[PDB]
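Novice: Pasting input08.txt below, which is compact mmCIF, N, CA and C atoms.
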# COMPACT_ATOMS: atom_id res chain seq x y z
N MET A 1 -21.92 5.84 -1.30
CA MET A 1 -21.27 6.36 -0.11
C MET A 1 -22.29 7.03 0.79
N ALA A 2 -22.61 6.38 1.88
CA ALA A 2 -23.55 6.91 2.84
C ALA A 2 -22.99 6.75 4.24
N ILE A 3 -22.70 5.52 4.62
CA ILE A 3 -22.13 5.25 5.92
C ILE A 3 -20.63 5.29 5.79
N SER A 4 -20.05 6.41 6.10
CA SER A 4 -18.64 6.62 5.95
C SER A 4 -17.90 6.35 7.26
N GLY A 5 -18.55 5.59 8.13
CA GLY A 5 -17.94 5.16 9.36
C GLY A 5 -17.12 3.94 9.09
N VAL A 6 -16.10 4.15 8.28
CA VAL A 6 -15.23 3.13 7.78
C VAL A 6 -14.66 2.24 8.88
N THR A 7 -14.95 0.99 8.78
CA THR A 7 -14.53 0.03 9.75
C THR A 7 -13.42 -0.87 9.15
N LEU A 8 -12.53 -1.32 9.99
CA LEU A 8 -11.45 -2.21 9.64
C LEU A 8 -11.87 -3.60 10.08
N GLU A 9 -11.93 -4.56 9.17
CA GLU A 9 -12.37 -5.88 9.55
C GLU A 9 -11.22 -6.90 9.62
N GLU A 10 -11.56 -8.15 9.92
CA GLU A 10 -10.56 -9.17 10.22
C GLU A 10 -9.70 -9.57 9.02
N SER A 11 -10.28 -9.64 7.84
CA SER A 11 -9.56 -10.08 6.65
C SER A 11 -8.46 -9.07 6.32
N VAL A 12 -8.77 -7.80 6.54
CA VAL A 12 -7.82 -6.70 6.43
C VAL A 12 -6.66 -6.92 7.39
N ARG A 13 -6.99 -7.18 8.64
CA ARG A 13 -6.00 -7.37 9.68
C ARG A 13 -5.17 -8.62 9.42
N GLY A 14 -5.83 -9.67 8.97
CA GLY A 14 -5.16 -10.91 8.64
C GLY A 14 -4.21 -10.74 7.47
N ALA A 15 -4.60 -9.91 6.51
CA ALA A 15 -3.78 -9.63 5.34
C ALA A 15 -2.52 -8.90 5.75
N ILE A 16 -2.67 -7.98 6.69
CA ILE A 16 -1.54 -7.27 7.23
C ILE A 16 -0.64 -8.26 7.97
N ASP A 17 -1.27 -9.12 8.75
CA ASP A 17 -0.60 -10.15 9.56
C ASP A 17 0.30 -11.05 8.71
N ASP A 18 -0.22 -11.54 7.59
CA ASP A 18 0.57 -12.42 6.72
C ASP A 18 1.66 -11.68 5.96
N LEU A 19 1.42 -10.43 5.64
CA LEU A 19 2.39 -9.63 4.92
C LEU A 19 3.54 -9.25 5.88
N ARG A 20 3.21 -9.04 7.16
CA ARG A 20 4.19 -8.64 8.19
C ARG A 20 5.36 -9.61 8.31
N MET A 21 5.14 -10.87 8.02
CA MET A 21 6.22 -11.84 8.09
C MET A 21 6.53 -12.38 6.67
N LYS A 22 6.03 -11.66 5.69
CA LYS A 22 6.19 -11.97 4.27
C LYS A 22 5.75 -13.36 3.85
N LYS A 23 4.54 -13.72 4.25
CA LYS A 23 3.89 -14.89 3.71
C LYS A 23 3.34 -14.47 2.36
N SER A 24 2.97 -13.22 2.33
CA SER A 24 2.55 -12.55 1.16
C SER A 24 3.61 -11.49 0.83
N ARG A 25 3.37 -10.72 -0.17
CA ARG A 25 4.29 -9.69 -0.61
C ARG A 25 3.51 -8.42 -0.84
N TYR A 26 2.32 -8.55 -1.43
CA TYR A 26 1.48 -7.40 -1.63
C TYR A 26 0.06 -7.74 -1.22
N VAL A 27 -0.62 -6.77 -0.71
CA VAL A 27 -2.01 -6.84 -0.40
C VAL A 27 -2.67 -5.59 -0.96
N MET A 28 -3.53 -5.77 -1.92
CA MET A 28 -4.26 -4.66 -2.48
C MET A 28 -5.58 -4.60 -1.78
N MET A 29 -5.90 -3.46 -1.28
CA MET A 29 -7.03 -3.30 -0.45
C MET A 29 -7.94 -2.21 -1.03
N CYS A 30 -9.21 -2.33 -0.77
CA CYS A 30 -10.23 -1.50 -1.33
C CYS A 30 -11.19 -1.10 -0.20
N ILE A 31 -12.09 -0.20 -0.47
CA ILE A 31 -13.10 0.19 0.47
C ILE A 31 -14.44 -0.05 -0.21
N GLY A 32 -15.43 -0.49 0.55
CA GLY A 32 -16.75 -0.70 -0.01
C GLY A 32 -17.32 0.58 -0.63
N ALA A 33 -18.23 0.42 -1.57
CA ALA A 33 -18.83 1.54 -2.31
C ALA A 33 -19.51 2.54 -1.38
N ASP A 34 -20.03 2.04 -0.29
CA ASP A 34 -20.72 2.85 0.69
C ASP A 34 -19.73 3.61 1.59
N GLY A 35 -18.48 3.17 1.56
CA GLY A 35 -17.47 3.72 2.45
C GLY A 35 -17.60 3.10 3.82
N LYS A 36 -18.34 2.01 3.85
CA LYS A 36 -18.71 1.33 5.07
C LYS A 36 -17.52 0.68 5.77
N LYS A 37 -16.66 0.02 5.01
CA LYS A 37 -15.53 -0.65 5.59
C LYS A 37 -14.43 -0.87 4.57
N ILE A 38 -13.21 -1.02 5.07
CA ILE A 38 -12.06 -1.30 4.24
C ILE A 38 -12.01 -2.81 4.09
N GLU A 39 -11.67 -3.30 2.92
CA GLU A 39 -11.65 -4.71 2.67
C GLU A 39 -10.52 -5.11 1.73
N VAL A 40 -10.05 -6.32 1.86
CA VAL A 40 -9.01 -6.83 1.00
C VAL A 40 -9.65 -7.25 -0.33
N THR A 41 -9.01 -6.96 -1.43
CA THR A 41 -9.58 -7.32 -2.69
C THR A 41 -8.70 -8.34 -3.44
N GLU A 42 -7.39 -8.18 -3.38
CA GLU A 42 -6.48 -9.12 -4.01
C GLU A 42 -5.16 -9.16 -3.23
N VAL A 43 -4.59 -10.33 -3.11
CA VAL A 43 -3.37 -10.53 -2.34
C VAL A 43 -2.43 -11.44 -3.11
N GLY A 44 -1.13 -11.20 -2.99
CA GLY A 44 -0.18 -11.99 -3.72
C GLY A 44 1.09 -12.20 -2.94
N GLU A 45 1.80 -13.24 -3.29
CA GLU A 45 3.02 -13.61 -2.61
C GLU A 45 4.27 -13.05 -3.30
N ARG A 46 5.45 -13.58 -2.94
CA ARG A 46 6.76 -13.00 -3.34
C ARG A 46 7.05 -13.06 -4.83
N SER A 47 6.18 -13.65 -5.60
CA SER A 47 6.32 -13.71 -7.02
C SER A 47 5.98 -12.35 -7.64
N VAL A 48 5.18 -11.58 -6.93
CA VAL A 48 4.78 -10.27 -7.38
C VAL A 48 5.81 -9.25 -6.92
N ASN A 49 6.58 -8.79 -7.86
CA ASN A 49 7.62 -7.83 -7.62
C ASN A 49 7.33 -6.55 -8.36
N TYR A 50 8.21 -5.58 -8.23
CA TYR A 50 8.01 -4.20 -8.72
C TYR A 50 7.52 -4.15 -10.17
N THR A 51 8.11 -4.96 -11.02
CA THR A 51 7.72 -5.01 -12.41
C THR A 51 6.24 -5.50 -12.55
N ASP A 52 5.85 -6.43 -11.69
CA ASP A 52 4.53 -7.05 -11.74
C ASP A 52 3.48 -6.09 -11.27
N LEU A 53 3.77 -5.36 -10.22
CA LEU A 53 2.80 -4.42 -9.69
C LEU A 53 2.56 -3.25 -10.65
N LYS A 54 3.59 -2.90 -11.42
CA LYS A 54 3.49 -1.83 -12.40
C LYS A 54 2.69 -2.25 -13.62
N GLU A 55 2.77 -3.51 -14.01
CA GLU A 55 1.97 -3.98 -15.14
C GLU A 55 0.53 -4.20 -14.70
N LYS A 56 0.32 -4.22 -13.40
CA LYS A 56 -0.99 -4.33 -12.80
C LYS A 56 -1.59 -2.94 -12.54
N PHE A 57 -0.90 -1.91 -13.00
CA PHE A 57 -1.34 -0.54 -12.84
C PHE A 57 -2.60 -0.26 -13.64
N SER A 58 -3.65 0.01 -12.93
CA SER A 58 -4.89 0.39 -13.50
C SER A 58 -5.34 1.62 -12.72
N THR A 59 -5.23 2.77 -13.34
CA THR A 59 -5.46 4.04 -12.67
C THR A 59 -6.93 4.26 -12.24
N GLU A 60 -7.82 3.36 -12.59
CA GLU A 60 -9.19 3.49 -12.19
C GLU A 60 -9.63 2.33 -11.27
N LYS A 61 -8.67 1.57 -10.76
CA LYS A 61 -8.98 0.52 -9.80
C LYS A 61 -8.85 1.01 -8.38
N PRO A 62 -9.84 0.70 -7.51
CA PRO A 62 -9.80 1.05 -6.08
C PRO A 62 -8.63 0.33 -5.42
N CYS A 63 -7.82 1.05 -4.66
CA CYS A 63 -6.55 0.51 -4.26
C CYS A 63 -5.93 1.17 -3.02
N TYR A 64 -5.12 0.36 -2.42
CA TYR A 64 -4.28 0.50 -1.33
C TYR A 64 -3.33 -0.62 -1.61
N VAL A 65 -2.08 -0.43 -1.57
CA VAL A 65 -1.20 -1.53 -1.81
C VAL A 65 -0.21 -1.62 -0.70
N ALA A 66 -0.39 -2.59 0.10
CA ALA A 66 0.51 -2.90 1.13
C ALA A 66 1.53 -3.80 0.51
N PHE A 67 2.74 -3.35 0.42
CA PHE A 67 3.76 -4.10 -0.24
C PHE A 67 5.04 -4.06 0.56
N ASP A 68 5.71 -5.17 0.60
CA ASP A 68 7.00 -5.27 1.25
C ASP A 68 8.08 -4.81 0.31
N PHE A 69 8.62 -3.67 0.60
CA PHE A 69 9.56 -3.03 -0.26
C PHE A 69 10.97 -3.29 0.22
N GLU A 70 11.75 -3.94 -0.59
CA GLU A 70 13.13 -4.18 -0.28
C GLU A 70 13.97 -3.16 -1.04
N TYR A 71 14.91 -2.57 -0.36
CA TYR A 71 15.69 -1.50 -0.94
C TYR A 71 17.09 -1.50 -0.39
N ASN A 72 17.92 -0.68 -0.95
CA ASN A 72 19.29 -0.57 -0.55
C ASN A 72 19.46 0.56 0.46
N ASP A 73 20.16 0.27 1.51
CA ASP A 73 20.46 1.22 2.56
C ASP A 73 21.83 0.92 3.10
N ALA A 74 22.78 1.81 2.84
CA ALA A 74 24.17 1.72 3.31
C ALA A 74 24.89 0.50 2.73
N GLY A 75 24.34 -0.04 1.66
CA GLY A 75 24.91 -1.22 1.04
C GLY A 75 24.21 -2.50 1.45
N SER A 76 23.26 -2.39 2.35
CA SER A 76 22.51 -3.53 2.82
C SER A 76 21.11 -3.49 2.25
N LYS A 77 20.55 -4.64 2.00
CA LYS A 77 19.20 -4.74 1.53
C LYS A 77 18.27 -4.74 2.75
N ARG A 78 17.51 -3.69 2.89
CA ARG A 78 16.59 -3.56 4.00
C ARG A 78 15.18 -3.80 3.50
N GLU A 79 14.26 -4.03 4.41
CA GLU A 79 12.90 -4.39 4.07
C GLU A 79 11.95 -3.48 4.82
N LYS A 80 11.20 -2.70 4.10
CA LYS A 80 10.25 -1.82 4.69
C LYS A 80 8.92 -1.99 4.05
N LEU A 81 7.96 -2.30 4.85
CA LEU A 81 6.63 -2.47 4.38
C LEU A 81 6.03 -1.10 4.09
N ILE A 82 5.56 -0.90 2.91
CA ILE A 82 4.99 0.35 2.55
C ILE A 82 3.51 0.21 2.24
N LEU A 83 2.77 1.22 2.59
CA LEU A 83 1.35 1.21 2.39
C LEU A 83 1.00 2.25 1.37
N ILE A 84 0.72 1.80 0.20
CA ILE A 84 0.38 2.65 -0.91
C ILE A 84 -1.12 2.90 -0.93
N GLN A 85 -1.49 4.07 -1.29
CA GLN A 85 -2.84 4.52 -1.47
C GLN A 85 -2.86 5.17 -2.81
N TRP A 86 -3.59 4.63 -3.71
CA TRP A 86 -3.70 5.22 -4.99
C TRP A 86 -4.71 6.34 -4.91
N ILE A 87 -4.26 7.51 -5.21
CA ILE A 87 -5.08 8.68 -5.29
C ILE A 87 -4.96 9.22 -6.72
N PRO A 88 -5.58 8.53 -7.67
CA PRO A 88 -5.45 8.83 -9.06
C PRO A 88 -6.46 9.85 -9.55
N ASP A 89 -5.95 10.85 -10.21
CA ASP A 89 -6.75 11.94 -10.84
C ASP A 89 -7.59 11.40 -12.03
N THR A 90 -7.61 10.10 -12.19
CA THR A 90 -8.30 9.48 -13.29
C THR A 90 -9.33 8.50 -12.73
N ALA A 91 -9.36 8.38 -11.42
CA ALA A 91 -10.23 7.44 -10.79
C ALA A 91 -11.52 8.11 -10.38
N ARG A 92 -12.39 7.31 -9.87
CA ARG A 92 -13.68 7.70 -9.41
C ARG A 92 -13.52 8.50 -8.11
N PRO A 93 -14.34 9.56 -7.90
CA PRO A 93 -14.27 10.42 -6.71
C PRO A 93 -14.07 9.66 -5.40
N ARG A 94 -14.81 8.56 -5.20
CA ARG A 94 -14.70 7.74 -3.99
C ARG A 94 -13.25 7.27 -3.77
N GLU A 95 -12.67 6.73 -4.81
CA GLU A 95 -11.31 6.22 -4.82
C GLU A 95 -10.31 7.30 -4.54
N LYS A 96 -10.56 8.48 -5.04
CA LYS A 96 -9.67 9.58 -4.78
C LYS A 96 -9.81 10.07 -3.30
N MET A 97 -11.05 10.40 -2.91
CA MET A 97 -11.31 11.04 -1.60
C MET A 97 -11.28 10.08 -0.41
N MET A 98 -12.00 8.98 -0.52
CA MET A 98 -12.22 8.09 0.61
C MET A 98 -10.97 7.34 0.94
N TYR A 99 -10.25 6.96 -0.08
CA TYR A 99 -9.04 6.19 0.07
C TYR A 99 -7.93 7.04 0.65
N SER A 100 -7.85 8.30 0.23
CA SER A 100 -6.87 9.19 0.82
C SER A 100 -7.19 9.46 2.31
N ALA A 101 -8.46 9.71 2.61
CA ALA A 101 -8.88 10.05 3.96
C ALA A 101 -8.84 8.86 4.93
N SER A 102 -9.27 7.70 4.47
CA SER A 102 -9.38 6.55 5.35
C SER A 102 -8.06 5.81 5.54
N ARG A 103 -6.99 6.32 4.91
CA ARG A 103 -5.67 5.69 5.02
C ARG A 103 -5.19 5.82 6.47
N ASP A 104 -5.69 6.86 7.13
CA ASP A 104 -5.38 7.18 8.52
C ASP A 104 -5.75 6.03 9.44
N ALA A 105 -6.93 5.48 9.22
CA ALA A 105 -7.44 4.40 10.04
C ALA A 105 -6.68 3.11 9.76
N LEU A 106 -6.37 2.87 8.49
CA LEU A 106 -5.64 1.67 8.09
C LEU A 106 -4.22 1.68 8.67
N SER A 107 -3.68 2.88 8.87
CA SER A 107 -2.33 3.03 9.41
C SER A 107 -2.21 2.46 10.83
N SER A 108 -3.33 2.35 11.52
CA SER A 108 -3.35 1.80 12.85
C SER A 108 -3.17 0.28 12.81
N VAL A 109 -3.74 -0.36 11.81
CA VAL A 109 -3.62 -1.79 11.68
C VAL A 109 -2.39 -2.20 10.89
N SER A 110 -1.90 -1.31 10.06
CA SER A 110 -0.75 -1.59 9.28
C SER A 110 0.54 -1.27 10.06
N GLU A 111 0.96 -2.20 10.89
CA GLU A 111 2.18 -2.06 11.67
C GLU A 111 3.43 -2.19 10.78
N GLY A 112 4.25 -1.17 10.77
CA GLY A 112 5.51 -1.23 10.04
C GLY A 112 5.44 -0.62 8.67
N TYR A 113 4.30 -0.05 8.34
CA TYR A 113 4.08 0.49 7.01
C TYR A 113 4.26 1.99 6.96
N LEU A 114 4.85 2.45 5.89
CA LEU A 114 5.00 3.86 5.65
C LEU A 114 3.93 4.27 4.64
N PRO A 115 3.07 5.25 4.96
CA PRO A 115 2.02 5.69 4.04
C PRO A 115 2.61 6.43 2.84
N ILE A 116 2.43 5.88 1.68
CA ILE A 116 2.96 6.44 0.46
C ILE A 116 1.84 6.49 -0.59
N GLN A 117 1.62 7.64 -1.18
CA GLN A 117 0.50 7.79 -2.08
C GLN A 117 0.97 7.73 -3.52
N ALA A 118 0.16 7.14 -4.35
CA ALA A 118 0.45 7.07 -5.76
C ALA A 118 -0.66 7.73 -6.53
N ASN A 119 -0.32 8.68 -7.36
CA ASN A 119 -1.31 9.39 -8.17
C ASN A 119 -1.25 8.87 -9.58
N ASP A 120 -0.07 8.44 -9.93
CA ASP A 120 0.29 7.99 -11.25
C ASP A 120 1.17 6.76 -11.10
N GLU A 121 1.52 6.11 -12.22
CA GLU A 121 2.39 4.93 -12.22
C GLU A 121 3.71 5.24 -11.51
N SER A 122 4.12 6.48 -11.59
CA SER A 122 5.36 6.95 -11.01
C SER A 122 5.37 6.80 -9.47
N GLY A 123 4.20 6.88 -8.85
CA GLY A 123 4.12 6.74 -7.41
C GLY A 123 4.14 5.28 -7.00
N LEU A 124 3.98 4.44 -7.99
CA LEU A 124 4.00 3.00 -7.84
C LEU A 124 5.29 2.46 -8.43
N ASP A 125 6.11 3.35 -8.92
CA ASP A 125 7.34 2.98 -9.55
C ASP A 125 8.43 2.91 -8.53
N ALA A 126 9.03 1.74 -8.46
CA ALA A 126 10.06 1.40 -7.49
C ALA A 126 11.15 2.43 -7.39
N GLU A 127 11.55 2.99 -8.52
CA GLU A 127 12.65 3.93 -8.54
C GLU A 127 12.33 5.22 -7.79
N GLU A 128 11.10 5.73 -7.92
CA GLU A 128 10.73 6.91 -7.17
C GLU A 128 10.48 6.50 -5.73
N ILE A 129 9.90 5.31 -5.55
CA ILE A 129 9.61 4.80 -4.21
C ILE A 129 10.89 4.68 -3.40
N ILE A 130 11.96 4.13 -4.01
CA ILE A 130 13.26 4.00 -3.34
C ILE A 130 13.71 5.37 -2.84
N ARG A 131 13.60 6.35 -3.72
CA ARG A 131 14.02 7.72 -3.44
C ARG A 131 13.25 8.29 -2.24
N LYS A 132 11.94 8.14 -2.24
CA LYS A 132 11.14 8.66 -1.15
C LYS A 132 11.28 7.83 0.14
N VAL A 133 11.49 6.53 0.02
CA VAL A 133 11.81 5.69 1.18
C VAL A 133 13.17 6.11 1.77
N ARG A 134 14.12 6.48 0.89
CA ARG A 134 15.43 7.01 1.32
C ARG A 134 15.23 8.23 2.21
N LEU A 135 14.30 9.08 1.81
CA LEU A 135 13.96 10.29 2.55
C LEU A 135 13.30 9.91 3.88
N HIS A 136 12.44 8.92 3.83
CA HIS A 136 11.68 8.50 4.99
C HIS A 136 12.59 7.82 6.03
N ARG A 137 13.74 7.28 5.58
CA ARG A 137 14.73 6.57 6.45
C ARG A 137 15.07 7.28 7.74
N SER A 138 14.98 8.60 7.74
CA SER A 138 15.21 9.40 8.93
C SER A 138 14.26 8.97 10.08
N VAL A 139 13.08 8.48 9.72
CA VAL A 139 12.12 8.00 10.70
C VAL A 139 11.91 6.49 10.53
N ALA A 140 11.90 6.03 9.27
CA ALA A 140 11.68 4.62 8.90
C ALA A 140 12.70 3.67 9.53
N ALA A 141 13.88 4.21 9.87
CA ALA A 141 14.92 3.43 10.55
C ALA A 141 14.46 2.98 11.93
N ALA A 142 13.46 3.65 12.45
CA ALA A 142 12.89 3.31 13.71
C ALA A 142 11.48 2.81 13.48
N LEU A 143 10.94 2.10 14.42
CA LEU A 143 9.60 1.58 14.28
C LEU A 143 8.57 2.66 14.60
N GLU A 144 8.21 3.40 13.59
CA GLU A 144 7.20 4.44 13.68
C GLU A 144 6.60 4.67 12.30
Can you give me the file's structure in the form of structure tokens?
Specialist:
Amino acid sequence: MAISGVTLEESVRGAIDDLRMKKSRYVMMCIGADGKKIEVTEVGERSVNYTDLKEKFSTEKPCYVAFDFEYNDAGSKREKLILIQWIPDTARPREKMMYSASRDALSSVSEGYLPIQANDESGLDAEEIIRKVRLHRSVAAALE
């Protein structure tokens, strides 16, 4: 970590682009070791659901998870893209600090995403996510 002038590049933007219309379902994103730029590391389509992302839980993996979260609202299934940032107390300092801080910049390219942090599997757990998305609905109901 030297050049912390974290830049957002095209593959990142493209990943957001494909997820925005659900060509994909999740985009796990990472930042270079230098903190130089945010980059996509792994991407998956609609086959990857809540159960799958939880079995993919590795508390020491560099992460941001842009995921299309479908949930219940008023009896209707709504779709809200959520932007997860793993800030794990078990991860490497860079992953904890840089990923939490640089989420701000990613929020500009991530249209429609609600910033949600995961420290533990529980923050990546759909059931808690539903609950916090329920809370976010006060603003999430609008495009902001």
Novice: Between A:59, A:110, A:102, A:47, which is the closest to residue A:17 once you count only C-alpha atoms?
Specialist: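 Ranked by minimum distance to residue A:17, first place goes to A:110.
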Novice: Please extract the residues of chain A with a backbone DSSP assignment of helix (DSSP H, G or I) and present them as an MDAnalysis selection string.
Specialist: chainID A and resid 10:20 50:55 93:101 103:109 121:123 126:140
Novice: For stretch 10-66 of chain A versus stretch 79-82 of chain A, which residues have an atom no more than 8 Å away, and what is each residue's nearest atom pair and distance in Å rounded to one decimal, using all atoms listed in the file, chain-then-number order, as JSON lines?
Specialist:
{"residue": "A:19", "atom": "C", "partner": "A:81", "partner_atom": "CA", "distance": 7.6}
{"residue": "A:20", "atom": "CA", "partner": "A:81", "partner_atom": "CA", "distance": 7.7}
{"residue": "A:64", "atom": "C", "partner": "A:82", "partner_atom": "C", "distance": 7.9}
{"residue": "A:65", "atom": "C", "partner": "A:82", "partner_atom": "C", "distance": 5.1}
{"residue": "A:66", "atom": "CA", "partner": "A:82", "partner_atom": "C", "distance": 4.5}
Novice: Atom CA of residue A:4 and atom CA of residue A:93, how far apart in Å?
Specialist: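 Atom CA of residue A:4 lies 13.9 Å from atom CA of residue A:93.
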Novice: May I ask which of the residues A:96, A:134, A:46, A:36 is the closest one to residue A:73, counting all atoms listed in the file?
Specialist: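 Residue with the minimum atom-to-atom distance to residue A:73: A:134.
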Novice: Quick one: of A:107, A:42, A:52, A:115, who's nearest to residue A:132, counting only C-alpha atoms?
Specialist: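 Nearest candidate to residue A:132 out of A:107, A:42, A:52, A:115: A:115.
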Novice: So that I can see what lies close to residue A:101, please list as a count of residues only the residues with an atom at most 12 Å from it, counting only C-alpha atoms and leaving out residues fewer than 3 positions away in the same chain.
Specialist: 22
Novice: Please report, as a ChimeraX atom specification, each residue of chain A to which DSSP assigns strand (DSSP E or B) when run on this structure's backbone.
Specialist: /A:7-8,26-31,37-44,64-73,76-86,113-118
Novice: Find, counting only C-alpha atoms, the residue in A:92, A:103, A:78, A:25 that gets nearest to residue A:130.
Specialist: A:78
Novice: Have a look at atom CA of residue A:114 and atom CA of residue A:83 and let me know their distance in Å, one decimal.
Specialist: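 Separation between atom CA of residue A:114 and atom CA of residue A:83: 5.6 Å.
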Novice: Got a sec: who's within 6 Å of residue A:29, counting only C-alpha atoms, leaving out chain neighbours fewer than 5 positions off, as a ChimeraX atom specification?
Specialist: /A:39-41,63-64
Novice: Counting all atoms listed in the file, which of A:111, A:32, A:53, A:120 gets nearest to residue A:1?
Specialist: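 Of the candidates, the smallest distance to residue A:1 is held by A:32.
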Novice: Atom C of residue A:109 to atom N of residue A:136: how many Å, to one decimal?
Specialist: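 Between atom C of residue A:109 and atom N of residue A:136 the gap works out to 19.8 Å.
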Novice: Go through A:99, A:135, A:67, A:88 and flag the residue nearest residue A:113, using only N, CA and C atoms for the distances.
Specialist: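 Among the listed residues, A:67 lies closest to residue A:113.
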